[PDB]
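Single chain ahead, by itself, as C-alpha cells, in the form deposited in one PDB entry.
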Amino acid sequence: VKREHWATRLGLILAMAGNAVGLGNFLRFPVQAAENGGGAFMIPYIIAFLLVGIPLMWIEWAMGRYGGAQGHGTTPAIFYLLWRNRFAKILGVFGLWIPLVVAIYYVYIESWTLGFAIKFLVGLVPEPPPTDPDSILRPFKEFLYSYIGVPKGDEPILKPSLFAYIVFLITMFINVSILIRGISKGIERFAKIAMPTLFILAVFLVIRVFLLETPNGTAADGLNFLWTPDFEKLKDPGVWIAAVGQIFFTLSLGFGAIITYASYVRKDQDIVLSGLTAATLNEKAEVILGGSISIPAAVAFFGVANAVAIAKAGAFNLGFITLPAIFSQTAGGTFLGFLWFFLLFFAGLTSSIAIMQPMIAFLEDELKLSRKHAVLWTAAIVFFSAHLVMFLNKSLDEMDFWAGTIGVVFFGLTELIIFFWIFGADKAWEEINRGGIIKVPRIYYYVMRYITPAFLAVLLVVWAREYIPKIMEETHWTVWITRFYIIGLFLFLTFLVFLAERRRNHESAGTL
C-alpha cells in the first residue's frame, strides 16, 4: 500500500479519544487530585493543560501526520526526517521504548479490571459483614491482595493467582484480536463501539454515586473538595510536578502513541480541530466523569479526611478496594462493581492498543514485517516482559516512573525542541496549521516556542534535583532488576533501529 488511513473523521476522533481516555482518567486522576488537596491540584492542572497539554497534542499530531505522509509512523524515523542527525534516531528510540515499557505494566493492570469484572459479574466477591470501616474494607483488600499475590512475608516477590494469570493471557489475546485487524477495521472499528459504551457506563456510575449519602457526607461534599480553590499551594513544586505528570499521562503525550496514530491521518486532513477535540473529550471524561465517581463516593462514605488518607495509602486502593467496598453496601452493589470494572476494562483496552501500535508501526514501516507478524511479535515481547511486573514487587512502580512519569516529560521536551527549534518554529507552525479546519490561536506560537519548553525544562531540573536522588538512594535493591531489564529493552530497540538503517542502505543500493 502506501499507508493505512483512518476511514472516517468520527472514527479518527473516537480512536484518538480512546487512546487518551483510559485508566488514567478513572484511577490515576482521582488519586493525584485527592492526594494533592483536591481543588489545590486543579489550578496547576488546568494551567498545565493550557500551557503543555494542548500545545504538545497539536505538535504530536503534526509530527505524526508529517511522518505518515512519507511512510513513517514512529519517532526513530520521524525525528530523523525533522533533523537528519544520527543522534535524532537514537533519541527517537524513546518513542518506542516508552510505549513498550508502559504497555508491559499497563496491560497487566488492565487485565485486573477484566478479572475483577468477571468475578463481580458472577458474584464471586468478598462478603463484608454488618458499618466499622475496616471490617468493611479488609475483605476487599484481601481480595485484591490474593488476586495479584501481594507479599505476605519479607521476600519482594508477588504470587499472582492462577485466575489472574489466565485473565492476563485473555487480555493479551483481546488486544491482539483488535490490533491484528489494523487501523480502520481494527482500532477505529473498535473505538466506535467502545467509546459510546464507555461514556454511557461512566454517566450511569456518576448518577448512581451522586445518590450516595451517609452520616459522614454526600457525593456533593466530594465535588466541593475537588472543585474548591486553595491558592496557598500554587507555590508548591510537588503539586505542579504531579499536575503536569497527570496531564502528560492522561493525554497520552510523550508516549509516541499520539504521533503514531496521527501517522495514519491523510496528509491533507485537519489536525488542529481534531487534536483539540480529542484532547477536550479526554478532559471532560477525566474531570467530569472520572472526578465525579471515586472521590465523591469515598468522601460520602468516609468524609474528606479519610478519603484523602485512602488515596495517599496508595496501591490501587481507591479503585480496586475502596470503591467496590462502598458499592457492596448498596442494593445491586456487586453489579455496580461489575459495571465499574467493565468501564475500566474498556477504558484500558482502548488505551493499551494505542501504546502497542508504535512498536507494530515500527516493525511494519522500518523492518517491513507484515501486520500479522508485527502484531504477534509485539504481543510476545509485552507478554514475556510482563512477567517481571507480575512477579517482582515494585517493578510496576519502577517502570511507571522511568517511562510513564519522567520519560514522557523528557520526551515531550525532546520532541518539542526537535520540531519547534531544530526543524524550525515557522516550518513547524506552518505544518501544524496546514489543512486545519481552524487555525491555532496565534498566542500559542509563542507558547510552543518559548513557554512550554521553559516550563518543562524547569520541571525536569526540579525533579532531578529534589526527587530522583531519593528514588536512586532510598529504594529496595530489587529496583535494579527492573532498571537493568528496561535498559536492556532500550539497547535491543536501538539494535532494531540499526538493523532498519542497514536494511534501508541495502535496498537503496538495490534501488540503483
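Throughout, we count residues from 1 along the sequence that is shown. So that the term is clear: the rigid core is the largest set of C-alpha atoms that superpose within 1.5 Å between two forms.
In all of the other compared structures of this protein with flanking residues present, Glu60 is modelled, so it falls below the one-third mark for missing coordinates.
Among the other PDB entries of this protein that were compared and that flank it with modelled residues, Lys470 is left unmodelled in a third or more. Missing deposited residues between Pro130 and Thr131: 1 to 3, all without coordinates in the entry. Averaged over their C-alpha atoms, the temperature factors of 235-243 and 331-339 are higher for 235-243. In this crystal structure, the stretch out of 12-20 and 497-505 whose C-alpha atoms carry the higher mean B factor is 497-505. For the set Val382, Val440, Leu251, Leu162, the maximum C-alpha B-factor listed in the entry falls on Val440.
Highest C-alpha temperature factor among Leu169, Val101, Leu223, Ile187 per the entry: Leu223. Placement of the Cα temperature factor of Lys368 within the chain: middle third of the modelled residues, per the deposited record. Ranked against the other modelled residues of its chain, the C-alpha B-factor of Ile136 as given in the entry falls in the highest third. Among the modelled residues of its chain, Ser111 has a C-alpha B-factor that falls in the lowest third, as given in the PDB entry. In this PDB entry, the Cα temperature factor of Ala464 sits in the top third of its chain's modelled residues, the highest group. Sort the modelled residues of the chain by CA B factor and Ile487 lands in the lowest third.
Below: the form deposited in another entry, not depicted.
For the residue set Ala386, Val167, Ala191, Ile241, core-aligned C-alpha shifts between the shown form and the other one reach 2 angstroms or more at a single site, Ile241.
Core-superposed comparison between the shown form and the other one: the Cα of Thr482 travels less than 2 Å. Annotation for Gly53: C-alpha shift under 2 angstroms between the shown form and the other one, rigid core superposed. Relative to the superposed rigid core, the position of the CA of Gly38 differs between the shown form and the other one by 2 Å or more.
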